[PDB]
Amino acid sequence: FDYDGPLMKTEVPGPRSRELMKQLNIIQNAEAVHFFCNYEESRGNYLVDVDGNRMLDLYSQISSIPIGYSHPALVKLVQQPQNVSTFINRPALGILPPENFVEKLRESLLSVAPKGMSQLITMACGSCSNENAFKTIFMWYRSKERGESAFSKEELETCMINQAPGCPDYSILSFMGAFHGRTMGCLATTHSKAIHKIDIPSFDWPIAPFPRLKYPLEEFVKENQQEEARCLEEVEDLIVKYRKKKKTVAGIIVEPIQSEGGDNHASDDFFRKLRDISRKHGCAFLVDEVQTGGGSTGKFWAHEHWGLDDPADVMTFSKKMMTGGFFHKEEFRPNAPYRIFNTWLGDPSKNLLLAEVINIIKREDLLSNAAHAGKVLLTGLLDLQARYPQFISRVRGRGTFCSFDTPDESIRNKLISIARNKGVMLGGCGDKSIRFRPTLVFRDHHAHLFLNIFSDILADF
């Protein structure tokens, strides 16, 4: 189930990784590779590289490994002769689903449906989840504006040549700092880093400011309240402005916590008010839980913290859920087939794994565990913040979804590199932030393992 603690043999990346990285660099730009891994020996919270180093993984493959490496319940799943077909016979799910398709969804995604969302469509990643959510919303908004009336074949002629009115000028509203994926629709709503965006054609869609909170939160209540109201007002202005530009906002997309943009949090009150604005202006409210979903904030979906019976119209997911997809309200159900469609629509082998994952999360009480291990981790980070204010500021988090800021990008990268050499895998976000994305089997004792290591690092820094 897990190892005792990290065990380091070489610097990271070590010689075998550098050689493998050299080989990979022949066929593609491999500059992003951190090191090469031995997934066969990785277990629980621990990632093992090809040089025999064993690191406590607080990054979890960009927050996509739900219950650790080589989990024995998932090993057993694959060993079962009845499951071999799921792995070698991949169906075109939208036309030829396998027999157990509904029953496996009942054991997995449907058992954690968000409140008010009866509909579910599966997708293979977070980008095509969000893209097909955009299209679902565009179709819903046009269906609002046309009744009753069928497809005018002026629309049917124009749409084949990328022309109005068949191809409308609707917009999706998004937030500075957002990250929603990399295909060209998602990218327009992404506003994280210049390197993600530069040289790519885009859409003229409204971009709103995301609240920047001041820490400690308990000393800045009035100012954080004012900041959020400012952002809410600008959101509303943009909807009216782009309505007058004939670029009508059909939906609003937001992350419950902005990840790649620098772990930007906002109050539950902000999101409830934003959901209200979306309803008021007839915009679909699209909540992207690709990164916050799967339980690390202490609830299965992070938007559950908002306390709403009607939290959103559409909610997209991926990563920890193994498969992508989106839940939505019944009124967004497409009237006709083949409008939301592609070859694979996910992968039933991922659903097979996800049903066992969800069963482990529920039986091992891992939502409550994440709330607890996260409080322990955050308490420790606040302690380190008080002891090393020249290095650590803006400690923040919900559940294990935690982060802090360092002085600059150069310092962030040195600390990550040292921590890796001391047996801890960390990830970055934003300009200068260090983020924590532990798997759901991260325990309070793993928090202490990290904090002790980081204490000695900051002492010697």
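Counting begins at 1, following the sequence as shown. Think of the rigid core as the biggest set of C-alphas that the two forms share within 1.5 Å after superposition.
Of the two stretches examined, 149-157 and 200-208, the one with higher mean CA deviation in 5 other deposited structures of this protein after a rigid core fit is 149-157.
For the pair 140-148 and 278-286, greater average C-alpha departure from the shown form in 5 other deposited structures of this protein after core alignment is found in 140-148.
The PDB entry records a higher mean C-alpha B factor for 405-413 than for its counterpart among 405-413 and 57-65.
Per the PDB record, of the two stretches 94-102 and 221-229, 221-229 carries the greater mean B-factor over its C-alpha atoms. Looking at 289, 131, 356, 276, the one whose CA carries the top B-factor in the deposited record is 276.
Sorting 245, 71, 319, 305 by the CA temperature factor given in the entry leaves 245 at the top. In the deposited entry, the Cα temperature factor of residue 349 sits in the bottom third of values across the chain's modelled residues. In this PDB entry, the Cα temperature factor of residue 13 sits in the middle third of its chain's modelled residues. Sorting the modelled residues of the chain by their CA temperature factor places residue 240 in the highest third. In the deposited entry, the Cα temperature factor of residue 214 places it in the middle third of its chain's modelled residues. Among all modelled residues in its chain, residue 432 ranks in the highest third by Cα B-factor.
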